[PDB]
Protein chains: 2
Amino acid sequence: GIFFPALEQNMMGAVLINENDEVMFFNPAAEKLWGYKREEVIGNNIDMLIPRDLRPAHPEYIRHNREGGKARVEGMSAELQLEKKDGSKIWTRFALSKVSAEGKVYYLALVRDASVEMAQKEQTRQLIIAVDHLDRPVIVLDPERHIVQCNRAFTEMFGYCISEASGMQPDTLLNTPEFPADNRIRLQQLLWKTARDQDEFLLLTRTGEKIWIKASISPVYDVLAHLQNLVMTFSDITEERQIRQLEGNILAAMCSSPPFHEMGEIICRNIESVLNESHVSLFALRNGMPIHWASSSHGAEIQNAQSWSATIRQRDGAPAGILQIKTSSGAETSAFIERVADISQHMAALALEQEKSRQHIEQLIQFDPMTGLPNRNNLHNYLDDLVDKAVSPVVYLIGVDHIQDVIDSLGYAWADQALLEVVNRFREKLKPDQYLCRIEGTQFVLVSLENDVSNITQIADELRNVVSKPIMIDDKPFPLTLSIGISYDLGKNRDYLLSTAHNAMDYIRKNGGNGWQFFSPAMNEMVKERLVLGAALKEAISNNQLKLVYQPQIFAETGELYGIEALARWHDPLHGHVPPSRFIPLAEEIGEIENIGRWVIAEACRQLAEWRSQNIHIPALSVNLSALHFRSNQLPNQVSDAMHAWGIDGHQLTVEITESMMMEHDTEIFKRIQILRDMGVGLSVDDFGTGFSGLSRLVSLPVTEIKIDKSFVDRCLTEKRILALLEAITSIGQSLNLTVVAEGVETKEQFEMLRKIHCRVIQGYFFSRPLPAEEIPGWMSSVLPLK
Amino acid sequence: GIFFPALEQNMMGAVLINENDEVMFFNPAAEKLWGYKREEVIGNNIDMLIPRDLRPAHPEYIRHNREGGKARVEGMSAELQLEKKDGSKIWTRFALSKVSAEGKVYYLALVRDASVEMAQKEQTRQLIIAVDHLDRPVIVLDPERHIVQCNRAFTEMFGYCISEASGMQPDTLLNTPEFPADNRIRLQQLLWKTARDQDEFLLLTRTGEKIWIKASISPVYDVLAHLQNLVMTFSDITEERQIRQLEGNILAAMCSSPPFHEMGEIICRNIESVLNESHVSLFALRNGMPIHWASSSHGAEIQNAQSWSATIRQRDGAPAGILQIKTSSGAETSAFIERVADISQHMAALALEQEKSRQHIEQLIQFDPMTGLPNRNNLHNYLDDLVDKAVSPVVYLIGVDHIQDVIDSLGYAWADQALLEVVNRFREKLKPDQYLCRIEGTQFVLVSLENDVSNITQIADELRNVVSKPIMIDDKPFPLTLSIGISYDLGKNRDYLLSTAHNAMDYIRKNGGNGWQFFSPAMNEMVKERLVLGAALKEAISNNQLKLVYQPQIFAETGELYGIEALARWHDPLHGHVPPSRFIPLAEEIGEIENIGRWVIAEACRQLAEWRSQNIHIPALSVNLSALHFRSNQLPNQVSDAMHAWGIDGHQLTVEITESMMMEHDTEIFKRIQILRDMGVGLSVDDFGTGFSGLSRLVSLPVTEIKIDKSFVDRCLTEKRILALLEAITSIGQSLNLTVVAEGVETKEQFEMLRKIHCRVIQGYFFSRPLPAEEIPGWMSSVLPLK
Ligand SMILES: Nc1nc2c(ncn2[C@@H]2O[C@@H]3COP(=O)(O)O[C@H]4[C@@H](O)[C@H](n5cnc6c(=O)[nH]c(N)nc65)O[C@@H]4COP(=O)(O)O[C@H]3[C@H]2O)c(=O)[nH]1
Ligand SMILES: Nc1nc2c(ncn2[C@@H]2O[C@@H]3COP(=O)(O)O[C@H]4[C@@H](O)[C@H](n5cnc6c(=O)[nH]c(N)nc65)O[C@@H]4COP(=O)(O)O[C@H]3[C@H]2O)c(=O)[nH]1
Ligand code: HEM
Ligand code: HEM
Ligand SMILES: [Mg+2]
Ligand SMILES: [Mg+2]
Ligand SMILES: [Mg+2]
Ligand SMILES: [Mg+2]
């Protein structure tokens, strides 16, 4: 047989044993494997080749195998420790063969030196230990981008093992959630990058949780500079992204320069959002003492909690503050607490140097570096100057509320721009004698010098409705609102005024939303009374409870009634008699002048209808109209309706407009005046505030009557210089066909002094007090003529 | 036998080839590796067993080995690929033996399925790559207390390789090379005795520099819970503190909101300081084109520069930039490089997101967040709207020079306060029609609608003069100065207007500032002509080069001279005759009105004395004065001097004022007028801008003459309505003893139509043109009376 020399020249070792456990063959490699010799071993027992641990208990195994008769020798199949002659224990791999030759059971063993293979196995055991020890998910991929090796951290975080996660792309079994736009494409693209790269993904666990991971792919090239493998390292970056969101939010705050305490609050809120059910406290070092900058309002008690304190230092190393975080022990990892506290320490450190720089310069600066408005110090100086000069100012604290919506929808920058738009609206509606300043954030001060409650109410209404129009920000409306606190005393102090106005403003802010309120509710009950009176006036106008009273006008010489003026009256069961000189400005403020005009015109035409049905001539009726009633582009329609519904065509009706209308210069108003005058209804102008150039323009824009006011007729007695007004106006009267109507006559001397200038018509108490309609005909039929 | 059946049932596959290279042996072990059976391999050639890619190459090796005749075949000692019957390939390990018996040479090839062994080797290679990509130094220690396996980070941060550190231990002997650290006994005995230990060392490197390293040690137990292995992970405390400090410093720099290039440079310097001897640069993507953002100015060539590139990604979406850091090879650990790259990549992502946000801020917001003023965007919109409405705007570009003085002396905060001081001054002097904007920093833009030199120069002078008083910063003056460029051209656009204004402003700034300039030629030429004309007027007034010319006023009936009016005339050799309507507004603009008033009064009194020297009665002389002349508390002094230096007491002199003076309401001016009237000098009022109430107050503050303007007298011909104006004015005249003077008569019909109203006196071209004083007595002696 040629196998004997084949085994002699072979690399393996052949040790064939006969029935009596005697070695019948010994190849040269057996000398290297055992340190023996063929002369020493051949013919002798196998006891020399067995490890000393179990030398005598091995013929028992051999004998047990001998009687079985099985073909294959399934035993002796694992790498086993073999001890040499010198005592060294190498690792060998065996391969047995039962040879039943000539009725005798032989045993052949193809021993191979498993030293190198088991050194590889020891190396891979150590590498498995080192790769499962670090808790760092690492996978390895072929050029086809399929997983070939994974680790224990990867299994822990994704729930897949080497058996399941092998041969498939790391996206087929780790598909991203429903959102398909970017995650799937980025995950598929990272796997096919030929250079070192990395990305961040949402991957799905076997159970189904959403975990943000950071995957880093790097190629490993062979000797021939060819792609051999691609290793992917996954980092669980849930906490990393939490701290990154913290960094982003603190950056967006600090770069936008927020207030000190609000910055502390947002820092604390981010820390709590990263560390659930914890307590956070933050202190600055002022004069070496702790000053409480901010802390979370969630002061829940925690048992066996750990408190980590970090000394917030300055740039040069000097201490600046203390940042203390108390949290449940074991709920959040200590190293994560360290990293969060360190990053927040740097953030709050820069915030603290900024605040320290601002601290010794805020008392010296005079302007707000944001909106360009004067600051609290400038306001204090201005108020001190006012009180020293003995002037009583009125302070409006304006709180621009509902700013948090733009804060959390757009950002601090866009919210500050909303503030700028609001203050620019304030500037465009501002007045020369008003002082505007910013005290703290959304809080402004308007210092005015208006004493009247009506003026204060009008200013408050204009301030509250300037923000009624939505604020346009990035093509997104924002309905901001104002809480106004009004403080005013005869004089107490700037501190007192500010404190009272702040009390009012915080009351309004906490008890609802937009609105304005006085301090000292004795000045708010007045507003309530005026509002209820206005509501009563509106409902009386609606329900037709108003009344008109008529005052005859007389000719100078003939003693004949030129006309009667319809003066409004009101009588409420609760308020008694409300004078026109009290409810006409109220109607102007509310917006009831239009309704009053329609009502007076309709009632006047109706009463003309009855006084024509019965035998009364009623030559002319003068109806009072205001500025808004004429500026509205509707008047001639209802005036013509009033004439043609009762046959009272305009040669009888007359309108007296305010001198403010003549002072105003509006082409549309002038055209409407001309159209009305064309219809035959007369026109009268009272008072002489408008100049004689205005009166000549009024000659151009035709009228019929000019009224001399009671304020001038009263001084006609004493001031003899104003007789020229009456004389000249009368002269214009007979020059260009105007009727002059003296008002406010009360005494015989006052009438007879105007008698010489030959005034056309006279109206006042000297001839008839305003008489009710039910006895106007009695006066007509009894008194006229008067002479 | 002991040859054939020995290897038939063996695990090792046995194949034998004879002289004719024909296979003779084949066993089930080789069947399981080739796919064939014992009916297709015996007899036929070895050609089928070879893989298809090596069939022609293989057979020469057998012949070469036969020729060589060597006993031990060193060939095929490595693993070999194997092609099965079906075409699949597996790895196998060969043991080749040659037989020289019976004069024949056979070949036996004991094959073993090296599939599992080579899978183990590939697994070991993959695990080695994975451990090298672990980002933390890891060492594995045997129970014999020595070092077995290292990492790549360990080799990078200590310089010790697997060949040097393997077998023996450079841990017990190299942990305390020169510094004992008082923990060698811990690392020797307590390290293998306790479990889960850790401490800090000063273990040295190849260089020997002292570094603080963590030595976290954990034991790995076997099934018997015995000390199978240990693992020690290292972490450089210096590296950890440096990587925390890098993040802190970068975040602090980013919190200061620096420019984009400065932020890139700051990241560059921080990365270089963390990694000395490095060239670092950043690029930011722009529409897919990577542009240069920042780079390290140290351009010295770096030897063996390994470059690490990182791809910036925002919170979600496409890449935003690149960051490349090239450092000398071996300078720092790859894990250190990767950590620095990751931190700086997230920092650069934050910086790019912040710059995108700032681009949105500069692109959409219409207000500057430092002064509350509109920015260049609002300026563009306003000018575009105006030019689309086709109204020509006038643009002023103002620059506040000399700001570096405040910046250096008091810092940036007080420079900010100075800019807000100037902006508040602009706002205080601002007019409702004007629009104010802040294009950038030192510069501002004011947009107006008035377009004429007399107003442009005035508003530019006001803007330049608003900074006459130094800005009070911390009780310290600072004299800032203004450079203004003015642009106005009909029909042009905002780009042209802004460019021209900036050209003018830049030119004046380069020339030295402290002033303003128009764009384009002939505009500054008109300005210079006006300036030289004003200087000539000033010197002519000083040197008494002006003259007076007198226009007689006649009575309606008697044809007697009521008075003459003194009208200023000037004859300059260069400018010829300069009309009063041309040089009086110039005097108002410059400030020569007072000098003109003194000269006119003095010369009028001198000519009155000269005429009194001979036989001239000259009942009255009228002298024109302006508003600014009477607003100073000096008028009565020189007027009384003029009367009493020539005996021309005010019963002959007369003063006519502007209607704007009576429009104004000043108690001091009224008292001065009353005092002057008490001296006997008359007063006259021209034009009828003031109202009739103003005329009655004028009667209260007595006057003497009312003049009907030529503008009204001309329209008296056509507009028949304004006859009432004259009638009423004359009526007031005879009512309260005023003289009415009708100006600007030209025709006999114009005279006769005003005759019927009985106007007191008439002045115009119908009776006498303005005559020089040298022949005025000739007119007196030859013309009067006129009738
Ligand atoms: N002491 C005194 N007073 C005299 C004398 N002659 C008339 N009066 C008063 O003068 C007022 C006439 O209305 P007015 O002067 O246009 O001033 C009116 C007018 O401006 C307004 N007003 C009155 N009625 C209306 C109306 O229907 N509509 C509107 N829009 N305003 C009205 O209310 C003002 C006050 O009206 P009244 O309270 O009725 O006060 C009446 C009347 O009582 C007199 O010899 N002595
Ligand atoms: N076409 C025409 N013109 C007539 C007629 N009658 C008079 N004039 C002119 O009308 C002007 C009247 O001067 P003014 O209206 O007071 O307005 C004066 C006055 O405001 C100003 N002015 C003239 N002299 C003086 C002066 O000495 N001092 C001051 N402060 N202003 C003066 O210059 C203005 C222009 O006066 P002049 O150009 O000198 O022209 C004079 C006079 O010559 C007439 O029938 N037809
Ligand atoms: C380092 C050297 C050796 C070690 C560690 C060793 C140990 C073992 C072990 C563990 C078994 C299996 C026991 C069982 O399955 O219960 C076995 C069985 C056996 N050994 Fe060894 N032995 C060694 C040397 C040898 C040699 C040189 C031969 C030469 C013929 C041999 C012949 C056998 C036979 C025939 C069996 C019976 C296998 C069976 O019953 O399945 N042994 N020995
Ligand atoms: C998949 C199967 C086989 C492959 C891939 C293969 C390939 C090779 C290679 C690469 C060598 C050169 C090795 C070196 O230079 O280090 C070689 C040599 C040789 N092979 Fe093969 N072979 C295969 C099968 C066989 C078989 C089955 C036999 C004999 C039964 C054989 C006999 C030889 C001989 C005699 C040499 C000469 C070695 C020397 O002279 O040093 N080969 N073969
Ligand atoms: Mg009335
Ligand atoms: Mg009245
Ligand atoms: Mg004049
Ligand atoms: Mg004039």
# chains A, B, ... in the order shown; residues from 1 in each chain; ligands from 1
$ calpha_fit_rmsd --fixed "chain B" --moving "chain A"
18.1 Å
$ residues_around --residues "stretch 201-206 of chain A" --least-positions-apart "4" --cutoff "12 Å" --atoms "only C-alpha atoms" --output "NGL selection string"
(:A and (154-161 or 164-165 or 170-180 or 182-190 or 210-216 or 234-238 or 241)) or (:B and (315-317))
$ write_last_selection --atoms "N, CA and C atoms" --output "tab-separated table (two decimals), in the first residue's frame"
chain	number	residue	atom	x	y	z
A	154	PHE	N	-26.15	46.52	18.79
A	154	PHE	CA	-27.08	46.57	17.66
A	154	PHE	C	-28.29	45.69	17.92
A	155	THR	N	-28.06	44.49	18.44
A	155	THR	CA	-29.16	43.60	18.78
A	155	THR	C	-30.06	44.20	19.85
A	156	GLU	N	-29.45	44.83	20.86
A	156	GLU	CA	-30.23	45.41	21.95
A	156	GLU	C	-31.10	46.56	21.46
A	157	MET	N	-30.55	47.42	20.60
A	157	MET	CA	-31.28	48.62	20.21
A	157	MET	C	-32.24	48.40	19.05
A	158	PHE	N	-32.01	47.39	18.21
A	158	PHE	CA	-32.90	47.14	17.08
A	158	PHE	C	-33.62	45.80	17.14
A	159	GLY	N	-33.29	44.94	18.11
A	159	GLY	CA	-34.03	43.70	18.29
A	159	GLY	C	-33.81	42.65	17.22
A	160	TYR	N	-32.68	42.67	16.53
A	160	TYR	CA	-32.37	41.69	15.50
A	160	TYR	C	-31.04	41.03	15.81
A	161	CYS	N	-30.92	39.76	15.45
A	161	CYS	CA	-29.74	38.96	15.73
A	161	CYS	C	-28.98	38.69	14.43
A	164	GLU	N	-31.19	36.57	11.85
A	164	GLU	CA	-32.25	37.28	11.13
A	164	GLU	C	-31.68	38.39	10.26
A	165	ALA	N	-30.75	39.18	10.79
A	165	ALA	CA	-30.22	40.34	10.08
A	165	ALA	C	-28.89	39.99	9.41
A	170	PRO	N	-29.67	47.02	5.08
A	170	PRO	CA	-30.07	47.54	6.40
A	170	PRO	C	-31.28	48.45	6.36
A	171	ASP	N	-31.94	48.56	5.21
A	171	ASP	CA	-33.19	49.30	5.10
A	171	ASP	C	-34.41	48.41	4.87
A	172	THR	N	-34.22	47.25	4.24
A	172	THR	CA	-35.34	46.34	3.99
A	172	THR	C	-36.00	45.90	5.29
A	173	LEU	N	-35.20	45.52	6.28
A	173	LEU	CA	-35.73	45.15	7.59
A	173	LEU	C	-35.82	46.32	8.55
A	174	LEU	N	-35.26	47.48	8.19
A	174	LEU	CA	-35.30	48.66	9.05
A	174	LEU	C	-35.94	49.83	8.32
A	175	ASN	N	-37.04	49.57	7.62
A	175	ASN	CA	-37.74	50.61	6.88
A	175	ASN	C	-38.19	51.74	7.80
A	176	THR	N	-38.14	52.95	7.26
A	176	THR	CA	-38.48	54.16	8.00
A	176	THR	C	-39.99	54.27	8.16
A	177	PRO	N	-40.47	55.14	9.07
A	177	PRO	CA	-41.92	55.30	9.26
A	177	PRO	C	-42.62	55.92	8.06
A	178	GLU	N	-43.91	56.21	8.22
A	178	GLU	CA	-44.78	56.57	7.10
A	178	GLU	C	-44.20	57.72	6.27
A	179	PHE	N	-43.57	58.70	6.93
A	179	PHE	CA	-42.97	59.86	6.27
A	179	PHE	C	-41.95	59.40	5.23
A	180	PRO	N	-42.27	59.51	3.93
A	180	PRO	CA	-41.40	58.92	2.91
A	180	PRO	C	-40.45	59.89	2.22
A	182	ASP	N	-37.88	62.05	2.87
A	182	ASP	CA	-36.43	62.21	3.01
A	182	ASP	C	-35.74	61.03	3.67
A	183	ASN	N	-36.35	60.41	4.68
A	183	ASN	CA	-35.64	59.40	5.47
A	183	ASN	C	-35.29	58.18	4.63
A	184	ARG	N	-36.26	57.67	3.87
A	184	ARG	CA	-36.02	56.47	3.06
A	184	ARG	C	-34.94	56.73	2.01
A	185	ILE	N	-35.03	57.87	1.32
A	185	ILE	CA	-34.07	58.17	0.27
A	185	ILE	C	-32.68	58.39	0.85
A	186	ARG	N	-32.59	59.07	1.99
A	186	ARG	CA	-31.29	59.31	2.61
A	186	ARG	C	-30.68	58.01	3.12
A	187	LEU	N	-31.50	57.12	3.69
A	187	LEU	CA	-30.99	55.84	4.15
A	187	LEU	C	-30.53	54.98	2.99
A	188	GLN	N	-31.24	55.03	1.86
A	188	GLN	CA	-30.81	54.27	0.69
A	188	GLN	C	-29.57	54.87	0.05
A	189	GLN	N	-29.39	56.19	0.16
A	189	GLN	CA	-28.24	56.85	-0.45
A	189	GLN	C	-26.98	56.69	0.39
A	190	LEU	N	-27.12	56.65	1.71
A	190	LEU	CA	-25.94	56.48	2.57
A	190	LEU	C	-25.28	55.14	2.32
A	210	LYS	N	-39.98	54.23	17.85
A	210	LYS	CA	-39.33	55.20	16.98
A	210	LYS	C	-38.04	55.66	17.65
A	211	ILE	N	-36.90	55.28	17.08
A	211	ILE	CA	-35.59	55.63	17.61
A	211	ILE	C	-34.81	56.40	16.55
A	212	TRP	N	-34.34	57.59	16.92
A	212	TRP	CA	-33.43	58.36	16.08
A	212	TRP	C	-32.01	57.83	16.27
A	213	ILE	N	-31.35	57.50	15.16
A	213	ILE	CA	-30.00	56.95	15.19
A	213	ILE	C	-29.10	57.76	14.27
A	214	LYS	N	-27.80	57.69	14.54
A	214	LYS	CA	-26.77	58.30	13.71
A	214	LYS	C	-25.95	57.18	13.10
A	215	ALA	N	-26.03	57.03	11.79
A	215	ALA	CA	-25.32	55.97	11.08
A	215	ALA	C	-24.13	56.55	10.34
A	216	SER	N	-22.96	55.95	10.56
A	216	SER	CA	-21.72	56.39	9.93
A	216	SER	C	-21.15	55.24	9.13
A	234	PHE	N	-23.64	52.65	14.34
A	234	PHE	CA	-24.86	53.33	14.74
A	234	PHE	C	-24.74	53.82	16.17
A	235	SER	N	-25.04	55.10	16.37
A	235	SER	CA	-25.07	55.71	17.68
A	235	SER	C	-26.51	56.05	18.02
A	236	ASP	N	-26.97	55.58	19.18
A	236	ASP	CA	-28.29	55.95	19.67
A	236	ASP	C	-28.27	57.42	20.08
A	237	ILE	N	-28.91	58.27	19.28
A	237	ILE	CA	-28.77	59.71	19.44
A	237	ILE	C	-30.10	60.34	19.82
A	238	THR	N	-30.92	59.61	20.58
A	238	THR	CA	-32.11	60.24	21.16
A	238	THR	C	-31.70	61.35	22.12
A	241	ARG	N	-29.88	64.16	20.22
A	241	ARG	CA	-30.79	65.09	19.56
A	241	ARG	C	-31.57	65.93	20.56
B	315	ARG	N	-31.61	70.65	10.22
B	315	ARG	CA	-32.49	69.83	11.05
B	315	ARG	C	-33.19	68.74	10.25
B	316	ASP	N	-33.52	69.01	8.99
B	316	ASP	CA	-34.10	67.99	8.12
B	316	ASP	C	-34.01	68.47	6.69
B	317	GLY	N	-33.34	67.69	5.83
B	317	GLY	CA	-33.30	68.02	4.42
B	317	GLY	C	-31.96	67.86	3.73
$ closest_atom_pairs --of "chain A" --to "chain B" --cutoff "6 Å" --atoms "only C-alpha atoms" --output "Markdown table"
| residue | atom | partner | partner_atom | distance |
| --- | --- | --- | --- | --- |
| A:1 | CA | B:3 | CA | 5.9 |
| A:3 | CA | B:3 | CA | 5.7 |
| A:5 | CA | B:99 | CA | 6.0 |
| A:6 | CA | B:97 | CA | 5.3 |
| A:9 | CA | B:97 | CA | 5.6 |
| A:10 | CA | B:97 | CA | 4.9 |
| A:97 | CA | B:10 | CA | 5.4 |
| A:99 | CA | B:6 | CA | 5.9 |
| A:101 | CA | B:1 | CA | 5.8 |
| A:124 | CA | B:124 | CA | 5.2 |
| A:255 | CA | B:255 | CA | 5.6 |
| A:346 | CA | B:248 | CA | 5.8 |
| A:369 | CA | B:370 | CA | 5.4 |
| A:370 | CA | B:370 | CA | 4.5 |
| A:371 | CA | B:372 | CA | 4.4 |
| A:372 | CA | B:371 | CA | 4.1 |
| A:691 | CA | B:691 | CA | 3.4 |
| A:692 | CA | B:692 | CA | 5.2 |
| A:728 | CA | B:728 | CA | 5.5 |
$ closest_residue --among "B:644, B:707, B:665, B:52" --to "ligand 7" --atoms "only C-alpha atoms and all ligand atoms"
B:707
$ atom_distance --atom1 "atom CA of residue A:611" --atom2 "atom CA of residue A:780"
11.0 Å
$ residues_around --residues "residue A:599" --least-positions-apart "2" --cutoff "12 Å" --atoms "only C-alpha atoms" --output "ChimeraX atom specification"
/A:540-548,566,568,592-597,601-606,623-625,638-639,642
$ residues_near_ligand --ligand "ligand 7" --cutoff "12 Å" --atoms "only C-alpha atoms and all ligand atoms" --output "PyMOL selection string"
chain B and resi 550-551+564-568+580-581+621-626+654-659+683-687+705-710+741-744+763
$ write_last_selection --atoms "N, CA and C atoms" --output "compact mmCIF listing (two decimals), in the first residue's frame"
# COMPACT_ATOMS: atom_id res chain seq x y z
N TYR B 550 -40.27 154.93 -4.72
CA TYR B 550 -41.51 155.28 -4.04
C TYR B 550 -42.69 155.31 -5.00
N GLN B 551 -43.77 154.66 -4.60
CA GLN B 551 -45.00 154.61 -5.40
C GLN B 551 -46.10 155.42 -4.72
N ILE B 564 -46.77 157.52 0.25
CA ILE B 564 -45.94 156.79 -0.70
C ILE B 564 -45.38 155.57 0.00
N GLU B 565 -45.11 154.51 -0.76
CA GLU B 565 -44.54 153.28 -0.23
C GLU B 565 -43.10 153.14 -0.70
N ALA B 566 -42.20 152.81 0.23
CA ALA B 566 -40.79 152.62 -0.09
C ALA B 566 -40.59 151.17 -0.51
N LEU B 567 -40.07 150.98 -1.72
CA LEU B 567 -39.82 149.65 -2.27
C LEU B 567 -38.33 149.49 -2.55
N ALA B 568 -37.75 148.42 -2.01
CA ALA B 568 -36.32 148.20 -2.14
C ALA B 568 -35.94 147.88 -3.58
N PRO B 580 -37.13 142.62 -6.27
CA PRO B 580 -37.43 142.34 -4.85
C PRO B 580 -37.98 140.96 -4.62
N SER B 581 -38.84 140.46 -5.51
CA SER B 581 -39.37 139.11 -5.39
C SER B 581 -38.29 138.05 -5.52
N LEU B 621 -45.43 157.78 4.76
CA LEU B 621 -44.47 156.88 4.13
C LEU B 621 -44.67 155.49 4.72
N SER B 622 -44.78 154.49 3.85
CA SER B 622 -44.99 153.10 4.25
C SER B 622 -43.70 152.32 4.01
N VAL B 623 -43.36 151.43 4.94
CA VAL B 623 -42.13 150.66 4.89
C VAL B 623 -42.45 149.21 5.18
N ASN B 624 -42.00 148.31 4.31
CA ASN B 624 -42.33 146.89 4.42
C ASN B 624 -41.42 146.21 5.44
N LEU B 625 -42.01 145.39 6.30
CA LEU B 625 -41.27 144.58 7.26
C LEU B 625 -41.76 143.14 7.17
N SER B 626 -40.93 142.22 7.67
CA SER B 626 -41.22 140.79 7.63
C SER B 626 -41.55 140.28 9.03
N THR B 654 -45.12 154.71 8.45
CA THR B 654 -46.08 153.62 8.50
C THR B 654 -45.35 152.30 8.27
N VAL B 655 -45.86 151.24 8.89
CA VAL B 655 -45.28 149.91 8.79
C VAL B 655 -46.38 148.95 8.33
N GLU B 656 -46.09 148.17 7.29
CA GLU B 656 -46.99 147.13 6.81
C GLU B 656 -46.39 145.77 7.13
N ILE B 657 -47.22 144.86 7.64
CA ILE B 657 -46.74 143.56 8.07
C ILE B 657 -47.30 142.48 7.16
N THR B 658 -46.79 141.26 7.34
CA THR B 658 -47.27 140.12 6.57
C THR B 658 -48.49 139.51 7.25
N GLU B 659 -49.42 139.00 6.43
CA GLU B 659 -50.62 138.36 6.96
C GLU B 659 -50.27 137.16 7.84
N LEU B 683 -50.06 151.11 11.21
CA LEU B 683 -49.90 149.70 10.87
C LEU B 683 -50.86 149.35 9.74
N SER B 684 -50.41 148.49 8.83
CA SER B 684 -51.20 148.09 7.68
C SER B 684 -51.15 146.58 7.52
N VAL B 685 -52.23 146.03 6.97
CA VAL B 685 -52.36 144.60 6.74
C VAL B 685 -52.69 144.38 5.27
N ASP B 686 -51.85 143.62 4.58
CA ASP B 686 -52.08 143.26 3.19
C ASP B 686 -52.61 141.83 3.10
N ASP B 687 -53.32 141.56 2.00
CA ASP B 687 -53.94 140.26 1.73
C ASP B 687 -55.03 139.95 2.75
N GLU B 705 -54.47 150.64 8.39
CA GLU B 705 -54.72 150.47 6.96
C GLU B 705 -54.94 149.01 6.62
N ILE B 706 -55.89 148.78 5.71
CA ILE B 706 -56.14 147.47 5.13
C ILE B 706 -55.98 147.59 3.62
N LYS B 707 -55.19 146.70 3.03
CA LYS B 707 -54.88 146.77 1.61
C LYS B 707 -55.51 145.60 0.86
N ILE B 708 -56.32 145.93 -0.14
CA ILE B 708 -56.92 144.94 -1.03
C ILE B 708 -55.89 144.59 -2.10
N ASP B 709 -55.52 143.31 -2.14
CA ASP B 709 -54.41 142.86 -2.96
C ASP B 709 -54.74 142.92 -4.45
N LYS B 710 -53.69 143.12 -5.26
CA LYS B 710 -53.86 143.16 -6.70
C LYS B 710 -54.44 141.86 -7.24
N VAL B 741 -56.86 150.62 1.05
CA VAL B 741 -55.98 150.92 -0.07
C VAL B 741 -56.14 149.81 -1.10
N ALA B 742 -56.63 150.16 -2.28
CA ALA B 742 -56.83 149.19 -3.35
C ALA B 742 -55.56 149.15 -4.21
N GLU B 743 -54.89 148.00 -4.25
CA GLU B 743 -53.63 147.88 -4.96
C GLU B 743 -53.83 147.31 -6.36
N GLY B 744 -52.86 147.57 -7.22
CA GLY B 744 -52.79 146.95 -8.53
C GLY B 744 -53.88 147.30 -9.52
N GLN B 763 -53.83 152.68 -5.15
CA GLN B 763 -52.42 152.64 -5.50
C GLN B 763 -52.23 151.64 -6.63
$ residues_near_ligand --ligand "ligand 4" --cutoff "8 Å" --atoms "only C-alpha atoms and all ligand atoms" --output "PyMOL selection string"
chain B and resi 15-17+23+46+49-51+54+58+61-66+68+73-78+80-83+92+96+107-109
$ select_by_dssp --residues "stretch 205-292 of chain B" --states "strand (DSSP E or B)" --output "NGL selection string"
:B and (213-221 or 227-236 or 278-286 or 289-292)
$ closest_residue --among "A:28, A:479, A:762, A:397" --to "residue A:503" --atoms "only C-alpha atoms"
A:397
$ atom_distance --atom1 "atom CA of residue B:532" --atom2 "atom CA of residue B:509"
23.7 Å
$ atom_distance --atom1 "atom CA of residue B:715" --atom2 "atom CA of residue B:563"
25.4 Å
